[PDB]
Amino acid sequence: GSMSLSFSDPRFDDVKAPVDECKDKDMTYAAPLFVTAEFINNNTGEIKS
Amino acid sequence: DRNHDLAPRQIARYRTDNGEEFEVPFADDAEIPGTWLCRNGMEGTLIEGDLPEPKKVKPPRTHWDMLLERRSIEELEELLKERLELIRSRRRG
Amino acid sequence: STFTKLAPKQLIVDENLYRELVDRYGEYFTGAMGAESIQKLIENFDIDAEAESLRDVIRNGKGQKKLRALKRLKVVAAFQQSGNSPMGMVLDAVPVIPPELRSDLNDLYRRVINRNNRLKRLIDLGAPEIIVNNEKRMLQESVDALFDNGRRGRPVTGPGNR
Amino acid sequence: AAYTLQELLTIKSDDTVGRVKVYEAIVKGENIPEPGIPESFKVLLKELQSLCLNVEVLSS
Amino acid sequence: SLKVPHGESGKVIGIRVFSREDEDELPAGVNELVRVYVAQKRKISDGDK
Amino acid sequence: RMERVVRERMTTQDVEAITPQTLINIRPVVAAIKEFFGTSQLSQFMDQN
Amino acid sequence: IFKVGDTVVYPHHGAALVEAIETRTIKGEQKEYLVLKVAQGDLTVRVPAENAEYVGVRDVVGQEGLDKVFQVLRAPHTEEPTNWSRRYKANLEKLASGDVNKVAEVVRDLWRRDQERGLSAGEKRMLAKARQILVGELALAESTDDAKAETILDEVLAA
Amino acid sequence: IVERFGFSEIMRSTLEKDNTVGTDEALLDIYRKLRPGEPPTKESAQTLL
Amino acid sequence: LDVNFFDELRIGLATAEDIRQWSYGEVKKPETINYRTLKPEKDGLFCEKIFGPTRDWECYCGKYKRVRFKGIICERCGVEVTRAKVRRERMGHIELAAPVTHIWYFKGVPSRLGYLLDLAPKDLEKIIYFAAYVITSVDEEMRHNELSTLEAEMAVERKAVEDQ
Amino acid sequence: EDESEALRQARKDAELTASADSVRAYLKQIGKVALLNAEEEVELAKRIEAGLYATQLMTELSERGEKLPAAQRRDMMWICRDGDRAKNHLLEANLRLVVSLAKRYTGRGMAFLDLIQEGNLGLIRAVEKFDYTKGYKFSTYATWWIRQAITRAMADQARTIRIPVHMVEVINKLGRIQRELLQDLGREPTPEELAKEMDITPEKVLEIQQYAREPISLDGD
RNA sequence: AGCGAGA
Ligand SMILES: [Zn+2]
């Protein structure tokens, strides 16, 4: 229990390409997914996000 | 598959460790080795007395040999003496 | 008391007692472990005497005891009447299906060969009984999986967990 | 109907040697040859043999 | 060579030439993937359901 | 799976030299979603008859 | 000790731009939370300012260390343990210490080595990381156009 | 058990037929049956359940 | 090959002698094919020296490559130069370092090994999976004479343990 | 304790062991022997070395040697057997080292028991080549040898077609870098990008890819 | 290997 990790704030960017193009060139109609992480050290005390 | 004619082949027996006749169908006129691998799991050798003398290689490694490469005879002799005298003390004191 | 009524084909769990017996009684019995133990058990096994004894038991004895004795007599007579000896049950060599199987099944064969070669090396180098015994058990399991995977224990699984 | 069955299961399906022979007979107009042994029976033989089951076909 | 499979025929609507030479996202190993679209106008006949 | 990987590597993570970005291995998650959308039984090839 | 805009050095983040501070009652105490975004990692560390100095906060270095790294770069007669693994461990610990002198020695020695022969990819990665952190530190030591820091590094290494 | 479950006769029946006294003894029997092959202990049974 | 002379078909247990009689070789390496040149290995699971040539009528190294060399074995690689289809016919064998028991006669209830030796199934399993020792021979008359000697020796040992 | 019923629990646990599973069987089997300490390690070493020297000298003296006296000879053969005894004790003690370290390599390539056995082979080698006079703890050294043995095994008996160790390391290196470049870029790098990163040609990149291919179940079109 | 479908 000396350090902990946490997640928060899921978010989505704009899709990397439009539906028809994704259909054409085989690429999967998908968007990036972002999560804000947060690493805590209990011994000293810090939060890295 | 014509059978009336083809390149003939000779047959030569190769005795194994457990002495198995193995007549090897090699070309009717061709050089052959002294020993030929067989389904016996090892290689049998021609019955007639020839011997190219295979001159087997030394064993790759041994714990004693490998020990000699990091130690010397004197300290091993000293440890031998120590073990001996400890045992003798155990038996007769 | 274990000695005073001792006779072979007799299992002994808790090998501590076995090693005690061996060190104290190195002679007067030979105790084995594994397939080669069964090979030796079959070697010192005369079919005619056992078949006759079982036939006598069935002819004179009655009840549940007779029923088991009859069950065994089926197989025992099967080996007596035919010229096939029970050595065939224990295997010294495993045949290799020709290379058309081509690599689900082939992989099983590879496992067997790996474990056999490692066992050979282990006997050659000189290994503790524990390691070599475990390797022998592994070879047994590999041959098991090869002839019938999943019959005993969890089936050997391949890629995709199948 | 026995001959047609044997024809079907041997030279229409499996027999690797008869098959080219029946094709040749049809092309050239000769009598259809005699069926051989289907190639699946031998793979069965090899597999049983591979299970340490000595399987032999005695002549008589 | 790519040949019309047995029992097919018709007009060539479209041909797409996705090539590594064109720097298309070809799967590793193929240098040029071409897809030909063949269309046929099927009319009603015996056997149709 | 990702948390198992993280938790395993924590015993071998030097203190204070670790940040979430170097700590989180995203590959299992993307692999799981991909192998879901492809070959998962409940991800069926659309039927546009 | 803390001023917004100061790139406080703290490894392996090195210099990190400090934004603001937060007196929050975590654990029932409003002790201050110095927030610092390190652009190298592009992440924010809201470390309690109370223990920020405790963990080893420090500012940028002057010109004494600058000349010192030059003299060290010109320091000859370095020998390593024969086995590759132990020397790799030694120089890895030297980097992990965070001392500018040790990382400079590691980088220059490994460069003369790989210029002689060209050793391996893991040591290439090590050299890349160490040189990156060192050139960033030097560029912000002189505030001298980090690409120009690369060039002055290229010139001074010539010796 | 009689207080909460005594109203029914089956509960009294199983109470007498239980022939098993002691919380330590009950946890011992369960731990013996749940994860056998491991050495029973009076510490890793409450954790088990 | 095969003819209509199939009047009788027989199946039976195959002894180790029969198995090594069938085999045209002895595979002893877990190597299928070279990763680069894509050819079978020597003494591998696809060895051409054992199961025949991959492509008909040439040895591995290629010293002999045509039909007139039918039934000949090349000295360099040992491949018997013949038809390729024989690869569906020739068998190998692995010489196990230690004996193993065939599963079918072990686990198929009723365990035919167990019934033959009158060993209970769980017991037999523990033996052949290395979990419990079994005796295989014992002594008889000299057994009587040293049993008296051994009665004395256990009297000695019992007296010593009682003394402590 | 003198708890006969708890005694019965332990006695069942050890006397009529179910031995259900192979790994469970071996794992419970390896806990029998306790671990040792440095003075035990060095004494045990000196014992095995003395036994080996006795065996060597008696091999020498078996040929044109001397008929050694009964007491001295019996003692020295006792020492010879004691040397192997000591080697066995060390090996059984450190089987737990083998299993702990081989744990970290599970899940890829091959089974678990094979990894344990190859680690046993690495450690038999390690004891073969272990020196106490330098005064270093055994586990240090044996760890490296087991790691080497397990990695070599994984190189050889893992794919249907063995790939050589240097090739294995370079292809694994490629896999690791492409993983890192996915993290740092978000897209699969092109072969040219990997080639420039590795200071090799893209031809070699693609050849590594082709060699990394493994046959799938046989159960283009 | 997995999906869906016709009789
Ligand atoms: Zn050749």
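Every residue, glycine among them, receives a Cβ derived from its backbone with ideal geometry; neighbour counts consider all protein chains shown. None of the figures in this text is laboratory data; all of them are computed from the coordinates on show.
For this structure, a couple of remarks:
- Among the residues making up segment A:1-29, those that are within 12 Å of chain F (Cβ to nearest Cβ) and surrounded by 15 or more Cβ atoms within 10 Å (Cβ to Cβ) are A:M3, A:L5.
- Every residue from segment I:49-59 that is part of a loop (DSSP other than H, G, I, E, B) and either crowded, with 19+ Cβ neighbours inside 10 Å or within 16 Å of RNA strand K (Cβ to nearest atom) (or both): I:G52, I:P53, I:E58, I:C59
- Matching residues, segment C:35-53, being out of contact with any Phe, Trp or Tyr (no Cβ under 8 Å at 6 or more places or on another chain) and of a type in the set (V, I, T): C:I38, C:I42
- Residue match in segment G:53-74 (condition: in a loop (DSSP other than H, G, I, E, B), surrounded by fewer than 13 Cβ atoms within 10 Å (Cβ to Cβ) and more than 16 Å from the chain's Cα centre (by Cα)): yes
- Matching residues, segment I:30-88, being under 27 Å from the mean Cα position of the chain (by Cα) and among the hydroxyl-bearing types (S, T, Y): I:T32, I:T54
- Residue under evaluation J:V23, criteria (1) loosely packed, with under 14 Cβ neighbours inside 10 Å; (2) part of a loop (DSSP other than H, G, I, E, B), criterion not met: (2)
- Leading residue by the ranking (farthest from RNA strand K (Cβ to nearest atom)) among those in segment E:23-49 that are surrounded by 10 or more Cβ atoms within 10 Å (Cβ to Cβ) and within 14 Å of chain J (Cβ to nearest Cβ): E:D24
- Any hit, segment C:63-73, residues being within 7 Å of chain I (Cβ to nearest Cβ) and either among the aromatic types (F, W, Y) or touching a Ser or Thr at 6+ places or on another chain (Cβ under 8 Å) (or both): no
- Here C:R121, C:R137, C:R151, C:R162 are screened, and the one residue that is farther than 24 Å from D:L48 by Cα and in a loop (DSSP other than H, G, I, E, B) is C:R162.
- Filter result for the condition that a residue is in contact with a strand residue (DSSP E or B) (Cβ under 9 Å, 6 or more places away or on another chain), of a type in the set (D, E) and either under 29 Å from I:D18 (Cβ atoms) or surrounded by fewer than 12 Cβ atoms within 10 Å (Cβ to Cβ) (or both), over C:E43, C:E50, C:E100: C:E43
- The condition (being within 16 Å of the ligand (Cβ to nearest atom) and either touching a strand residue (DSSP E or B) at 6+ places or on another chain (Cβ under 7 Å) or at the interface with another protein chain (Cβ under 7 Å from one of its Cβ atoms) (or both)) is satisfied by just one residue among I:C59, I:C77: I:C59.
- Some residue of segment I:90-100 being within 11 Å of chain C (Cβ to nearest Cβ), assigned to a helix (DSSP H, G or I) and surrounded by 14 or more Cβ atoms within 10 Å (Cβ to Cβ): no
- Every test in (1) of a type outside the set (F, W, Y); (2) within 16 Å of RNA strand K (Cβ to nearest atom); (3) surrounded by 10 or more Cβ atoms within 10 Å (Cβ to Cβ) is passed by F:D47 save one, and that test is (3).
- Count of residues meeting criterion [among the β-branched types (V, I, T) and assigned to a strand (DSSP E or B)] in segment A:1-44: 3
- Matching helices (runs of 4 or more DSSP H) fully within segment C:1-99 where at least 2 residues are over 30 Å from J:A14 (Cβ atoms): C:35-43, C:47-60, C:64-81
- Residues being within 8 Å of the ligand (Cβ to nearest atom) and either of a type outside the set (F, W, Y) or in contact with a helix residue (DSSP H, G or I) (Cβ under 8 Å, 6 or more places away or on another chain) (or both) - total across segment I:62-74: 3
Let's see how each residue does on (1) among the aliphatic types (A, V, I, L, M); (2) within 24 Å of I:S111 (Cα to Cα):
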{"position": "C:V57", "(1), (2)": "yes, yes"}
{"position": "C:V94", "(1), (2)": "yes, yes"}
{"position": "C:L105", "(1), (2)": "yes, no"}
{"position": "C:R115", "(1), (2)": "no, no"}
{"position": "C:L125", "(1), (2)": "yes, no"}
{"position": "C:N149", "(1), (2)": "no, yes"}
{"position": "C:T157", "(1), (2)": "no, no"}
{"position": "C:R162", "(1), (2)": "no, no"}
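- Boolean, D:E30 is of a type outside the set (A, V, I, L, M), part of a loop (DSSP other than H, G, I, E, B) and exposed (fewer than 14 other Cβ atoms within 10 Å of the Cβ): yes
- Which numbered condition J:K103 fails, given (1) in contact with a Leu (Cβ under 9 Å, 6 or more places away or on another chain); (2) within 11 Å of chain C (Cβ to nearest Cβ): (2)
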